[PDB]
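Alright, here's a single protein chain in two forms, structure 1 and structure 2, each given by itself as structure tokens.
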Structure 1
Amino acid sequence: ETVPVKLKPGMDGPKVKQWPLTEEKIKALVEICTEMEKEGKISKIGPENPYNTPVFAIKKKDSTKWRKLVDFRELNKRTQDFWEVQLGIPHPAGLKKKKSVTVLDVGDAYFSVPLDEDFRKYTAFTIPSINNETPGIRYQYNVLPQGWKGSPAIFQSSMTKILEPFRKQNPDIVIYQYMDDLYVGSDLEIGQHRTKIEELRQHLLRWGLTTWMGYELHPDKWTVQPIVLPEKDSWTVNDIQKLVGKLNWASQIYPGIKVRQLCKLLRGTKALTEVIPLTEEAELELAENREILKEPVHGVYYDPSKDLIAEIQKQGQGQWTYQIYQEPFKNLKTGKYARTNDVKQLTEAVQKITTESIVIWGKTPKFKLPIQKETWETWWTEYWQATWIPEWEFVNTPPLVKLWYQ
């Protein structure tokens, strides 16, 4: 039987426009879909279906074969009650504590489970043609599709049967499903960990399922990117002014940060290049501040009922800083990504940050991206390798928010 699916009350299905595709990707999509149609996974639809979700073609990480990526962001928002509330997959706190976590793509599992007839219409998508020559080619899904958060929700019961022997024989390995992927964490030595991952691949294989980051993730390695303060044999007015500014903003996050003593040095209307010797009082104020910034922030906790936000700053020289929070200045996590153009590097950072978020909270953040919307939308697929897509919006923060995180 199929599991019936409902929409958010008074929500209609998605009507999202297809962003334009290059010829190469159109041709790739036509080949993929022709084959999926023959296998019965999708069917052509008539004009009495008014819905649309965008599609793209990408390359997975090492591979050179094209893969279809459906952008089900809107459909996912409109079916949140189904996949979050009705059939929620609980997220294990223990995953992030494991020495190694391996990410395995299990998206093929879904194509063997039929999709509820009355829901199929909301999965419509279009392969466009060049120059609006021919009308685009229109299809819907007959089977649980990849990228819809409803799919692992429904396949949950089957995934449990598949994984039962392995979990029973390996009680300290943590396996978490998020969208089309499995996250498998152990504290084993890496040889044994990889050995166990190959065992797991064999289980999945009996159920008809073949198979910016290294091979594995190591989330016990991840650790705070502190706000750091400069250290100098001498200090100018300009230098102190800079430090007062940087501490002023750090005080909104960290309590106890003090600037009175440093500000007492700057009294008068001084030349910016004038050297100012630090008094003992100012020295210890800076020492206390420096100590505060090493330790974490009291009072900041994840709230499962709120969305995660991610801000990213371009720092130059292929370096990018980021912060994840839910209320502003209540940073849950800060990091840095390093080391090929800005858009490529930015898509790498976004995927790395999303993956960490999945591991830590079982949720993707909404990104605030420092880039022209049009540039992003043109280029992001050229470098995207994940099978999910986070929410994003576009910002321009010209401030010294950059200067403050590194």
Structure 2
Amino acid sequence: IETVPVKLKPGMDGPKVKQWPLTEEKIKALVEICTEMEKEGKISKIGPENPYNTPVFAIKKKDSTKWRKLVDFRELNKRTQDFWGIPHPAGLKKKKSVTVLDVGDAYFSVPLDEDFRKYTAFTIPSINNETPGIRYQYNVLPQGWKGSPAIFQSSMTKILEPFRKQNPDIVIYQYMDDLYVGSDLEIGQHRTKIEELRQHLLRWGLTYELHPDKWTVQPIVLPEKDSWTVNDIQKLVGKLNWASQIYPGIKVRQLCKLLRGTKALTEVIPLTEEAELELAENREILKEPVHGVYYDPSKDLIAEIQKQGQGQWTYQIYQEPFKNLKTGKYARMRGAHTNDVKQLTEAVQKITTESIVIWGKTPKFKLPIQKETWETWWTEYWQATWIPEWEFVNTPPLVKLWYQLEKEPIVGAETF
């Protein structure tokens, strides 16, 4: 149809991000994909008078070997005017089960305003720089751009409506290039309905198993011992101490009493009836999340991750210090046993999706990894069309120690 005029935020100029280095096999794929797009006219080569540039890369689509192009418009999105999309269906997070669909191909058939196109410039690198980069530029709505799903809102509600209305019980929420669907139906009943809608999306040209109901936020479980040692108490007291930044009614007072003096770190200490209760009060306090925590849209979402070693990782989603909106743990996936990076990135995505699911926005990550280490290998295990912001940090020792106490199931979710 016609191109709706898009413009940057007042004063912002186009992105000029450098292209990170790409592997040979990755470059090969993008060259194919791109010459294809060129033919199909979605993109067309560009000159040097175009100074902008967004990084591109290639990922793997599930079940197939066929590569998928992925452009990182994080920078372009950021500088793009706002269209104030769809509000958040508070009911999504409630549904028993949710499924995600890749409908980024949809935009391919929609023209992009000609004046904006320049800002979509991207380059394909070349081994050892023996060939100048292959500069392209978009003509249609690009996948990964926030502007895309927006402009394609009418055209989407339209094609969705007859299903939403047909099935008013199921919830459909759209984010970036993805579609989040969640029903309470039985597994069989659910999946088929997805296929039903699928064929429906298929009717125009478009083709993860979540369960928000179980996303419980776990509690901190303090130790418990027959006899206690100076060390055991010394440790405990430090954690409770730190933790009182959250629950102020927490006390170490009495415990610190029976910790005065200078005795063997391994010597057993008798617990005074006062320490007993103090510790019991503390358990009662930690029995639940701190009161008064509510999500505030006007503020960014923050997600911190701590490496607990052995493949275990803890994370906290918050907007205010100690005022977490959600916390959790994450164990690596069968096949990441020697790759820290992989686990980290596998988790980032999971947490991001949940963020989306629950608030409809990706959180800002604080990754316990070195810039160079991450930037060099995450694209290798990335599998979402969207990309979350991030910063690299040094895990305060204690923060790790505290959440390391996160209550774990008796045996866990029993899959008979």
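So that the term is clear: the rigid core is the largest set of C-alpha atoms that superpose within 1.5 Å between two forms. Counting starts at 1 with the first residue of structure 1 and goes up one by one along its sequence.
For the list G94, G191, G268, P304, which one shows a CA move of 2 Å or more between structures 1 and 2 after the core is fit? It is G268.
> Is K44 among the residues whose Cα moves by 2 Å or more between structures 1 and 2 after superposition of the rigid core?
Replying inline: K44: C-alpha displaced by less than 2 Å between structures 1 and 2.
- Message: Superposing on the rigid core, I want to see if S63 changes position between structures 1 and 2 - specifically a Cα shift of 2 Å or more.
- Response: Yes.
| message | Once the core is aligned, what is the C-alpha displacement of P398 between structures 1 and 2? Give it in Å to one decimal. | response | Reported C-alpha shift between structures 1 and 2: 4.5 Å at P398.
_Can you give me the Cα shift for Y254 between structures 1 and 2? Core-superposed, in angstrom, one decimal please._
After core superposition, the C-alpha of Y254 moves 2.4 Å between structures 1 and 2.
Could the core-superposed CA displacement of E348 between structures 1 and 2 be given in angstrom, to one decimal? The shift comes out to 0.6 Å.
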